[PDB]
Amino acid sequence: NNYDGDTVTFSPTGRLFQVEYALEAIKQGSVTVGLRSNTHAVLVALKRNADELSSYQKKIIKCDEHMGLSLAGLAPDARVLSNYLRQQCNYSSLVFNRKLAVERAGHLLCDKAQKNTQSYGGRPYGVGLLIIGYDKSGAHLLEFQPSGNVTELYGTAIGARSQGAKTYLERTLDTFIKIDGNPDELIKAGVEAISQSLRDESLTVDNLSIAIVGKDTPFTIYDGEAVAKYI
Amino acid sequence: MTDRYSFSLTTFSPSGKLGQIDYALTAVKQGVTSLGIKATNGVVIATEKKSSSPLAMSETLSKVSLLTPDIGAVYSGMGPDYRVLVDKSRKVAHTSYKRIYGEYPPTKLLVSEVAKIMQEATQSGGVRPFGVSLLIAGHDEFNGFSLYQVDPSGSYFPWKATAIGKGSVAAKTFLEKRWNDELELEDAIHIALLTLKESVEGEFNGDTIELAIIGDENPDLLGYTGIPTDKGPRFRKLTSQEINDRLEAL
Amino acid sequence: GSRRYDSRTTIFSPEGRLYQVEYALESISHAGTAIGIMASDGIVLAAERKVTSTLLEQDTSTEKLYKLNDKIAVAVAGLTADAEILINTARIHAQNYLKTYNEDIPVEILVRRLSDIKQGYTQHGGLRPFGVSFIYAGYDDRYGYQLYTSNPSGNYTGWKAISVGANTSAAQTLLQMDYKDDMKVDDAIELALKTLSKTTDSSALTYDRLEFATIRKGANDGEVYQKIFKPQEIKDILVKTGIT
Amino acid sequence: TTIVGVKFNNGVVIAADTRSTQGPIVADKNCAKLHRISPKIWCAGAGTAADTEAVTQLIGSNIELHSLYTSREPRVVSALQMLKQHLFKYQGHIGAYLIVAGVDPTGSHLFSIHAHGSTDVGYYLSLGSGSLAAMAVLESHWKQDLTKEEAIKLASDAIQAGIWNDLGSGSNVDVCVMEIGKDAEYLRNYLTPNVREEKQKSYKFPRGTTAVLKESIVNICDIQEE
Amino acid sequence: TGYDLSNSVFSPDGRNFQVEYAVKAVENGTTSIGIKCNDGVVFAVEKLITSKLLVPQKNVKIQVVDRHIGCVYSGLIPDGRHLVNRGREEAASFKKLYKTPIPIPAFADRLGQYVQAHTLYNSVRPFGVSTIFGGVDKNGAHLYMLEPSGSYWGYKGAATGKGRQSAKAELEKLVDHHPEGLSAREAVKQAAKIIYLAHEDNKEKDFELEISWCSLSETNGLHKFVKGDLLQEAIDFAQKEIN
Amino acid sequence: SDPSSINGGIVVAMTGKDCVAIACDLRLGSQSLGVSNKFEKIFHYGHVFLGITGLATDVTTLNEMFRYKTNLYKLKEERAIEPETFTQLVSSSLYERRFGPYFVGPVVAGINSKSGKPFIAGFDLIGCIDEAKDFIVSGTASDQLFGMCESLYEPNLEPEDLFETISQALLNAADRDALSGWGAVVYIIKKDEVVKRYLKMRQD
Amino acid sequence: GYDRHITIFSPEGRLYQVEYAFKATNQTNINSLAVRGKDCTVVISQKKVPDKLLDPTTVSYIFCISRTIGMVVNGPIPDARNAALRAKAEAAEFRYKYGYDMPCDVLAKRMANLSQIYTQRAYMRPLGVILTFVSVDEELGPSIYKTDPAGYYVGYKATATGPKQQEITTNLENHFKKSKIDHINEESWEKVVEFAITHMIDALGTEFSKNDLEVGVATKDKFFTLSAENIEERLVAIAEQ
Amino acid sequence: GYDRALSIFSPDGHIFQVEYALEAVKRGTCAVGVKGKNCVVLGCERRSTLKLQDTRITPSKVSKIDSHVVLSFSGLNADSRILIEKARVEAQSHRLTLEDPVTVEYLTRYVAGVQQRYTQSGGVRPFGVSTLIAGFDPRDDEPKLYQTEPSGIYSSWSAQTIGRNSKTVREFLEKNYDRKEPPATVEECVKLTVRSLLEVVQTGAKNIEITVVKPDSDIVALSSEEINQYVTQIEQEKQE
Ligand SMILES: [Cl-]
Ligand SMILES: [Mg+2]
Ligand SMILES: [Mg+2]
Ligand SMILES: [Mg+2]
């Protein structure tokens, strides 16, 4: 109200409204799902078009051979944060000959977002991210909020109508965590999860975007006729 | 962090007034009275030592300050602002003059440097004006004895005699009746003590009054002998006893 | 953060005016009147000190008329402290030019430089403008005797006769009435003092309330002399012209 | 250059010769090498003459401001600390070699200082090209508990040794005495043992001896009125 | 009014309202505690299980500084991480110049001065965390708690977050009933109980317990997390006391 | 190669009874090649006179610099600078270039307008002041000038006698220096009249 | 009304942010007192530990700035420690640059100048503290110099700070009106501490245990604080006459 | 440094500081540009509220940027000096690096670029100036006339006017200027330019300035009497 003019101002109840407004941009964004087993981790994303002449906005970005994310909210902010992750993954490989741990990648994203919430002149990031990866401790899934909060999960969803997919994953928890050594079935579970968030529209060949990383699987993105198999 | 106040805090209002300067002058008006009188063979500056507490040692608080051996200063208004201005004035006398010409600046040019500092606090980013008016008395070879007033705006004017602060309006009228161009230094001190008594409520003695002169060279205060051309400072602060001696002939 | 307290000194009004410039001009209209008159054989600068005192040391006092170099002088109307900042800058510019080209700076080049400095404070930096208007009286071998004025906007113009400060509307009408092109310095001295005598807000015009200066080729042969009048000399010229 | 410093009962004395040179040529025959840092802190300089003069005035200026800031009379240890840190920063490129002496509320002090920034304490010190000649005299006649009169005598004798035996030193002896509870007394040309004898001949010329091409009056006055 | 719109502005009371609003964010956070024992310190924190999809034991909250200091905080988690990052820089520079690991009181002031600096200007926001931290140095065990204002003191026991009143009362009983002191193993058990008891203010969702400790005898003065059998033993002791 | 002897030239100054004199040669050269016989090395700012020897570009630069500074001095002080004060200004200005100096040998001469006292001073390239009572010398024939002045000089010479002494000191010193000569000027300075005289000398 | 938020002049020529910083000074509800002996300077301050969970040994508002200078603070602890760290840094730098120990009055002036800057520069707020510096100066002898948020400072024969400063001030005034000297005419610092505690008891009308007080003592070449047991010995002597 | 964003968008998609800069141009004295078949003429209004002016030394309204290009303006006089100086520096820089003087279009594009920059840079306000830039490209005999404004947009014009009452003189030019047959001579072009100003000026005395630019760096300013002869001939034809 009187306390939402900038990110440097607490409200009388201790809230940061500019951060909360940045969180609101994610809720307007298109739905994207993340889930994992013990061998693989999967991203599924519903891409959004402007109209029938337009392309469908890309949602998934590769950060390294073993790591990548999906976005929901301001796309240019995802480009800035994913570029930073690419650099940090790269610094780890060049200097230490070491693949960057997914948990450490989450810590770095948290700290970068935090600086934009405590200083004058700046603004919070207006995007949410789902980071999947396979490192020395197996498969991982992270959820990033531009408040700075990063959380490690078995599965989750962000964007508009993400609550339907999140409840489905909460039911299926015991089933999909056991899908080891079967990439196709893990993606099926993710496609079935994101379907619980659709209304009026359904998953078409240029609508659906899928990514996977695992034990002997580099981070790869599937679009176009490569996802017709799962429709 | 970083100072993000890079804009002026003093600006013109629709009527053409610079509000912050006017308000600074109001702070000066509330300040304790100080005065200055110029004689043929000297200058006197004086003020009241308004002690904040009787447990305070008012000798440790100097309202009248030596700037150079031949230049002294007194103020009315905010004490802390004055103290830092004295520090800056002492330094600028060296950096912008003595380290260049090998001699102390003439009164008018040191006044000019202090004025410049006060002007900049009226235009620079993220600062308020100084809440003081200064009276600066001094002597130099080619200009003789002189007395200057410097205001928060940075404006300065030369005076034969004047007063600033609390009871300045009444004090200036008192000085107009008594001042002439034939006054000796002792006559000016006498008039200074008479003028200052009117604006003082409580005790009026050498311990509650601060008074200094710009007069003859004091070889006894030089600290060394052997150089004929060096004859000592013309600035001298009168002692408590010296003031009381002149209060009996009052 | 800090934005809250920013007055924004360098913005346009909806009408396309610069707020701070306009308000600075309002300030200058309360300053003592300064007049400049240009003749064929010299220039006159006359200016009124603001309500003085009998205890003011006049013979060592200077608030209106300042020397920039041996050929150029200025009359000030506005904040004296602001003026001295600009005056010192102008003195340095004149010396920079003399060092670079080994010739005295042409009057207009000095005027343009100071005016550009004033302009900058209206377009960038977020600082308040200088509350000063100048009358420049000067001589060079290209255009001869010249009069200019500059104001807080940084705009400058040339004049045969001009006033700044208080009552400029009344003063300019009186000058426009009695000024002629073939006029001489001694006639211009009289016009300047007569104009101040009629426009002044004081009861009478006396020597202790005036500053006076002439720039003459009344210097022995092809050279120019600046004369800042002493208090006694202002008293004499007041008697000569029949004002006291 | 020969400069010395000698401690005594109730203070300290410094002395110096008065010859400044440019290679083998004597530039000034009556040079002043005793400098004032503050009323009762004096120093003498050897080495690059402009550096000793400049570093003395800079520290002297800052010492004066410090004295005004603290409402205390300046201390020799302050002058020493400020001098050595300034000289160390410039890694010897400022060629100032100084003997610093004075009195202050703490007592009487005598130090020396070398261009690279190293300092020394002593009861007797010497610096410059004539320092070995001077130190020979000091090592022969110095004792503990010297009187004021004995210290002045010893100091000037040490400078004389430099004057007569070192080609870099000559002319006169300057002295400055700093006693506790007293004004420092600067004794310029305390000894004058090198006055030139009368010449055999006068070399005043008859008027009109020099051939002249042109004469003209130089205008030193400003542009005139009327 | 308007005194509460900008940081570093004194109100007519002499208060900094922006700092007081930061405290509200701290009071909104989960419960965290600290217990000073005979030869060390124990830290514990309540972790709310928002969903079944949270991987157990993975989202670690307690943070180590150097190798001998533990830090836990309640409020805005990112703000706490920013403070610990600074603390790690401070500890590194201290050890670089002075060789010895930073003493706990020395470390306390480093955090204190940094947090206090964020109350001096309107261009920055105060920290939205209260931090409980400490460890073992050459003079023994030390426990500290640091507020958004920059204020910190030494403690026998400390608590912050939504269930701080409950926790404080429990800590006060331990101080009274043990003037001679508490052992490190006892303090771990007691820390488990207090978090379980303080979870009544957050009873809607279930939680996960996280404990760490530094002890001269039990951990050689190094900060370690309580894991496996010793953690389960503390959970059992806690569950027995609430029933 | 040595910057102080590329162009050549000399300056000498002397005191007399209620007067001072300053003189210089007129040569500018490029080592062996004579380039100009009208390169005057004495300048004045009000009643204070300054001679400068050494690298000619620096001679010109410093004149322009001290004209600059004495003009600002006058505007602010409302009086002409005095010899004692100007001497300190020269010293200050030279020392500010301590580690990249002007390769010059300045000489100040003048009479204090208030005390009437005759004043002369000399400097090294880096600012050290030589305040002699008798005479000051500078330039590529400074050794020769020291020899002439030491024997020819006596105190309290009348203006017209001082002219002969300083003229003969310059002329004979210059004739023993390859890089000096090609004309000469002598200034005789009294409290309110200054006379300038060009001397006839050999042109080799 | 933004002239109340930053340090610019109000129409009355006042600085409200400075005035409100003076009010923050009394937020701790603690009173302090300082007096001078023949050879020493003593400062006492109330100690209040309201929480049983606190370690009482870490609760302090007296600071050892240098070997010779001590400082007691009236105001919140964050601003107190800010001022303490700076004073320590300034004192150490002074000794390095000028070769002798920073005098008490000079440090007070320096901290007062820093405070003055916060009243003139907008981006910096005043510190809500009053700083009382004590020492036995090698030139001036026993010294008390006190600084406030306005940038004001002065020397004192004796002084008091806190919510009940006036009661203590008047009590001290009345004693020095009797004795007609500028100090406590006593040889040992122990008896000067006893004088200080006695006159605080008289002025406030409250009794003190060993844990209710905090004491600092300055002698030639060192400033030190007393332990609880040292204070207890002081309290016992007061009660026994 | 002062970084405040003074030029920003409003809810309706307007940048008010740029639009208010145009209002300053509206207040400025009228300026007009007309190109003939082999010349360009720049006319300028002088407000007669200021007499006792020294016309020898007073800043003239038309400024040479190079020997072949000129610039006139309407709006803040002080602001225009900054644009003129920058343009003059760029003209010499272009000659130095390209070894060819600027084209009129290039010089216009530069000045317009400077104006645009001041509409999305922090801590600065837009120029309260619109300009008319005229001349001939090197070794070219085709007349050139361009206009710039505070926003930074620029374009070429057969004839154009800016400043106060420019709506009126543009009305005149739109009905009197034929594109198929532009003013064939210098006389015809100057006559049409003086005629256009007489719709707005007041007295045809010292209120009208005229500058003629021809190919190959041939630039001259007409005097009072020369312009007065055009003023005389125009009204004597009008009395009919
Ligand atoms: Cl300071
Ligand atoms: Mg020869
Ligand atoms: Mg030859
Ligand atoms: Mg402030």
Side-chain angles (χ1 to χ4, degrees), chain E residues 1-16 19 33-36 104-105 108-110 112-124 126 134 141-159 167-176, chain G residues 1-8 15-29 47-61 63 74-86 88-89 114 117-119 121-130 149 163:
Chain E
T1 44
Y3 297 96
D4 70 328
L5 298 170
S6 183
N7 189 22
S8 86
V9 173
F10 285 106
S11 72
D13 307 295
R15 287 155 67 191
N16 190 348
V19 172
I33 60 165
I35 304 174
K36 186 189 186 178
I104 317 302
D109 201 53
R110 295 295 181 89
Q113 299 287 357
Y114 189 66
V115 172
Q116 192 275 160
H118 291 74
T119 70
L120 292 173
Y121 319 96
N122 61 194
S123 57
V124 290
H142 300 84
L143 181 70
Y144 284 91
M145 186 175 159
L146 168 66
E147 296 191 75
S149 64
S151 174
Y152 70 83
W153 305 109
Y155 284 84
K156 292 165 178 173
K168 278 203 184 79
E170 257 64 62
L171 272 327
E172 286 187 43
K173 289 174 187 173
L174 291 170
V175 170
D176 292 325
Chain G
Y2 287 139
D3 63 313
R4 310 233 168 174
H5 292 197
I6 53 165
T7 52
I8 58 166
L15 301 175
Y16 281 106
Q17 281 296 298
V18 174
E19 292 179 10
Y20 302 158
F22 270 94
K23 233 172 284 176
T25 267
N26 289 334
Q27 185 249 295
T28 54
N29 195 220
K47 182 171 179 173
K48 290 177 187 176
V49 188
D51 194 343
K52 293 198 286 172
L53 294 181
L54 284 166
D55 184 349
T57 58
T58 68
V59 179
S60 180
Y61 291 86
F63 297 88
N74 252 96
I77 195 69
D79 284 11
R81 285 165 177 158
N82 180 111
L85 182 65
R86 186 56 179 269
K88 288 174 187 185
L114 259 21
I117 290 165
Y118 312 143
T119 72
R121 229 104 93 192
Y123 86 107
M124 289 255 48
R125 74 160 169 88
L127 295 174
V129 291
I130 290 176

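Below, chains carry the letters A, B, ... as their sequence lines are ordered, and counting in each starts from 1.
- For the atom pair CE of G:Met124 and CG of E:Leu120, the computed distance is 4.5 Å after rounding to the nearest 0.5 Å.
- Between the CZ atom in E:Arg15 and the CD atom in G:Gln27 there is a gap of 9.5 Å [rounded to 0.5 Å].
- If you take CD1 on G:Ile6 and CG on E:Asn122, they are separated by 8.5 Å, rounding to the nearest 0.5 Å.
- For G:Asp79, the parts lying near chain E are the backbone and the side chain together; criterion is any non-hydrogen pair under 4.5 Å.
- By the 30° and 60° cut-offs, the orientation of the rings of E:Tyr3 relative to G:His5 is tilted.
- Here the closest non-hydrogen pair linking E:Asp13 and G:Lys23 is O-CB, 3.7 Å.
- Side chain of G:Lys52 to backbone of E:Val175: no donor-acceptor contact under 3.5 angstrom is found.
- Only the side chain of G:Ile77 comes within contact range of chain E, judged by heavy atoms closer than 4.5 Å.
- Counting heavy-atom pairs closer than 4.5 Å to chain G, the top-ranked of the candidates E:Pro105, E:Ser123, E:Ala117, E:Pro12 is E:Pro12.
- Partners of G:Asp55 under the salt bridge (charged side-chain N to carboxylate O under 4.0 Å, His left out) rule, at least two apart in sequence or in another chain, are E:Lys36.
- When the candidates G:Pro56, G:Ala122, G:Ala21, G:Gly128 are compared by the number of heavy-atom contacts under 4.5 Å with chain E, G:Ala21 comes out ahead.
- Within 6.0 Å of the CZ atom in E:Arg110, the count of heavy atoms belonging to other residues, nucleotides or ligands exceeds 12.
- Both the backbone and the side chain of E:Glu172 have a heavy atom closer than 4.5 Å to some heavy atom of chain G.
- Here OG of E:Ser8 is found 12.5 Å from OH of G:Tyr118. Values are rounded to the nearest 0.5 Å.
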Donor-acceptor list for residues 145-159 of chain E side chains, cut-off 3.5 Å, not counting sequence neighbours:
unit_1, atom_1, unit_2, atom_2, d
E:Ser149, OG, E:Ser151, N, 3.3
E:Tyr152, OH, E:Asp109, OD1, 2.7

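- For G:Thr57, no part lies under 4.5 angstrom from a heavy atom of chain E.
- Side chains of G:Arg81 and E:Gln116 form no contact here, defined as non-hydrogen atoms less than 4.5 Å apart.
- A donor-acceptor pair is defined here as one N or O able to donate and one able to accept, closer than 3.5 Å; such a pair exists between the side chain of G:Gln17 and the backbone of E:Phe10.
- A heavy-atom distance below 4.5 Å is found between the side chains of E:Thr119 and G:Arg125.
- Counting heavy-atom pairs under 4.5 Å between each of G:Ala80, G:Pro126, G:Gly1 and chain E puts G:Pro126 at the top.
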